[PDB]
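A single chain, nothing else alongside it, follows as structure tokens in the form deposited in one PDB entry.
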């Protein structure tokens, strides 16, 4: 099939993980996750996923899975994203039963950092849940992307026009609960009973939760989105500040503007161009093979692997 022609110039496909395949970037040897979307099946949804790809092009952060490459053919769209070998967050919560308040704080501060940055760029995620949070090789969290009902804010369930920011805060409250308890605050075999439980907003408070844990949950989990704690307050909340003594770092460390000389130098030689020219081209950020190759060289560098293509 011709849809794979251009893609197989850049990557070797491996196992299945939209369909998602593990792949190897030929030039760097770096592993990636490739999301394969078929335009025909998407149909009426196509213009909406196009908007979402453009949102991800505007997100570069230490706690968001990097988009490396976007390729479009007659029938498909390929998104080359970061491979996260540590797995998804709920699998991790299952391995430890539940996290201590301490290890919840480590994890939760990363989640807050990513969400705050998403809101800073003018988006809301709107689908926060453990499945959308993965561990990288450094055991650091990365955010990606009836089934999501358990994490849905009361207003989101009702169909009332929502503010994404307030809905995200509620979802984080649910995540905070799951991290510290190892089960959901609102759960039922019956969908109708789950709807009523979420809109009621009453949940068991286990005996092992500190009063500061319990207060933060009450502030995040408010059925009225107007009474819900704002993101700014969350950044420097006493529970959050504990043991760190500094607010959540939400600002991106991963810049669009700054470049790495070593990676630029290696691409210059390979392209047979100068430093100024190679810098001009890379800073275009077209999310083509160049973008992919540059960002994967930067990852290869961070692991301490050789930079030679």
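Just so we're on the same page, rigid core means the largest C-alpha set that superposes within 1.5 Å between forms. Numbering follows the first chain given and starts at 1.
Enquirer: Compared with other deposited entries of this protein, is residue 43 missing coordinates in at least a third of those that cover its neighbours?
Expert: In at least a third of the other entries, residue 43 has no coordinates.
Enquirer: Determine if residue 174 is unmodelled in a third or more of the other PDB entries compared for this protein.
Expert: No: coordinates for residue 174 present in every compared entry.
Enquirer: If you count the residues of the deposited sequence that sit between residue 145 and residue 146 but have no coordinates, do you get none, 1 to 3, 4 to 9, or 10 or more?
Expert: Per the record, 10 or more deposited residues are absent between residue 145 and residue 146.
Enquirer: If the chain runs straight from residue 17 to residue 18, say none; otherwise bin the unmodelled deposited residues as 1 to 3, 4 to 9, or 10 or more.
Expert: Missing in between: 4 to 9 residues.
Enquirer: Quick one: higher average CA temperature factor, 210 to 218 or 77 to 85?
Expert: Comparing 77 to 85 with 210 to 218, the higher average CA B-factor belongs to 210 to 218.
Enquirer: Tell me which stretch, 34 to 42 or 272 to 280, has the higher mean Cα B-factor listed in the entry.
Expert: That would be 272 to 280.
Enquirer: Among 115, 156, 128, 176, where is the Cα temperature factor highest, going by the PDB entry?
Expert: Answer for 115, 156, 128, 176: 156, with the highest C-alpha B-factor.
Enquirer: Name the residue from 63, 57, 48, 69 with the greatest C-alpha temperature factor listed in the entry.
Expert: The C-alpha B-factor peaks, among 63, 57, 48, 69, at 48.
Enquirer: Hey, what third does residue 172 fall into on Cα B-factor, ranked over its chain?
Expert: According to the entry, residue 172 has a C-alpha B-factor in the chain's lowest third.
Enquirer: Place residue 165 in the lowest, middle or highest third of its chain's C-alpha B-factors, as listed in the PDB entry.
Expert: Answer is middle: the recorded C-alpha B-factor places it there.
Enquirer: Taking the C-alpha B-factors as the PDB entry records them, is residue 196 in the lowest, middle or highest third of its chain?
Expert: Middle third, going by the recorded CA B-factors of the chain.
Enquirer: Just say lowest, middle or highest third for the CA B-factor of residue 25 relative to the other modelled residues in its chain.
Expert: Lowest third of the chain for residue 25's C-alpha B-factor.
Enquirer: Please say which third, lowest, middle or highest, residue 152 falls into when its CA temperature factor is compared across its chain.
Expert: Its C-alpha B-factor, which the entry lists for residue 152, ranks in the lowest third among residues of this chain.
Note that the form deposited in another entry isn't included here; everything after this is about it.
Enquirer: Taking the rigid core as the superposition reference, indicate whether the CA of residue 59 shifts 2 angstroms or more between this form and the one not shown.
Expert: No, the C-alpha position differs by under 2 Å between this form and the one not shown.
Enquirer: On a rigid core superposition, would residue 27 pass a 2 Å threshold for CA movement between this form and the one not shown?
Expert: No, the C-alpha moves less than 2 Å.
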